[PDB]
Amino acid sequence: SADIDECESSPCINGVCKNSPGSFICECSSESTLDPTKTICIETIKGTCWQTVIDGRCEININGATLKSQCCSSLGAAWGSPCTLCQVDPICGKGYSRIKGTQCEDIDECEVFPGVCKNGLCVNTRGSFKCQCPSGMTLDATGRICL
């Protein structure tokens, strides 16, 4: 006989899975709390979304008040203080956050990072976003600057 390792299926939404005999356990960090089913960490505390990681620290606060799942599944390199490195949802991937089951929902990057478009209008799209330039202007290579 062997125990099933349920953690292989990434059952713990926004949490860490710990296998156990006959079951599994989801653990939440201090910015979240378990739902009734004990498989989803519901975000309770916002924190800083960092655009970069350098040496042993995180830099460039792009928004001081983001949901970790929103930050980390889109434009953030890291989140919080002290910070931890962002990983996209293993099921939904970049641009989306996992809500329940394998259900993914679009992240609005224009809300995660107000000002992501340096001199244009941020326009959210499903799975990404784009910068809309003033009339007569076009985007640079990075897509964030209008010229």
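One-based numbering along the sequence shown.
Comparing 129 to 137 with 18 to 26, the stretch with the higher mean C-alpha B-factor in the PDB entry is 18 to 26. Taking only CA atoms, the mean B-factor in the PDB entry is higher for 97 to 105 than for the other of 97 to 105 and 118 to 126. You'll see in the entry that, of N63, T44, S69, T52, the Cα B factor peaks at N63. Of the residues listed, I91, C83, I40, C86, the entry assigns the biggest Cα temperature factor to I91. Among all modelled residues in this chain, the alpha-carbon of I145 has a temperature factor (C-alpha) in the middle third. Among the modelled residues of the chain, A78 sits in the lowest third by CA temperature factor in this PDB entry.
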